[PDB]
């Protein structure tokens, strides 16, 4: 089945969804007025994405992997350009602040490792754990980053936590996952594709529970945004070459307009 990655920004919001299909990654875009085809078109069997705003200006980083080679592509308002990133493998990316800092996790032959950017060159991070699949989400509390990495082997997903004092195993209870988070509590939703079905586990600070989302798919991606205190979630569920968007806007899961 095709494999997707999603990011979003602002409160409209804008959404970009990257799809890897038969070794090519293409882009579909939403800015409030209909889906359209974006400019990005590069080779890849696997894709991940992160983005950040500086004022009103979006910066996008797309990580495109063939075999064991990952290429970073950069959008900074003036066309796509190849980025400095160095380390098919499967990646997950997150970013924070306006520098920004970036962490890119790679699953390669049953091991996940980490490459980091803080504005002064790529380096190897401390994270090194078993896994065939990886997803990540992060949030800031002031200047302090918190990272959650979901590492899966077979049907077992292990959560790994960075909270400024080393990687520790988290309370979360191969399958493929996607994760998003919001606020400073925070809330976290983790989607898992297992045997053609996507299910949802949720944290709001008081234990993991099963969420309401339950839809068909072999691959999943997710993005979310706040409008005030209200969370909005978009889950992209793929079977074969068909991707279905599922929308949570506080009143149940509804199918979205994505094509």
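Numbering follows the first chain given and starts at 1.
- Going from residue 87 to residue 88, the model skips 4 to 9 deposited residues, which lack coordinates.
- Unmodelled stretch separating residue 81 from residue 82: none (count of deposited-sequence residues without coordinates).
- As the entry records it, the average C-alpha temperature factor is higher for 29-37, out of 29-37 and 216-224.
- Stretches 113-121 and 130-138 differ in mean CA B factor, with 113-121 having the higher one.
- Ranking 233, 57, 64, 193 by Cα temperature factor from the entry places 57 first.
- Highest C-alpha temperature factor among 180, 91, 101, 165 per the entry: 165.
- When the modelled residues of the chain are ordered by their C-alpha B factor, residue 257 lands in the middle third.
- Sorting the modelled residues of the chain by their CA temperature factor places residue 107 in the middle third.
- Compared with the other modelled residues of the chain, the Cα B-factor recorded for residue 210 ranks in the middle third.
- Among all modelled residues in its chain, residue 95 ranks in the lowest third by Cα B-factor.
- Per the PDB record, residue ranking by Cα B-factor puts residue 147 in the lowest third of the chain.
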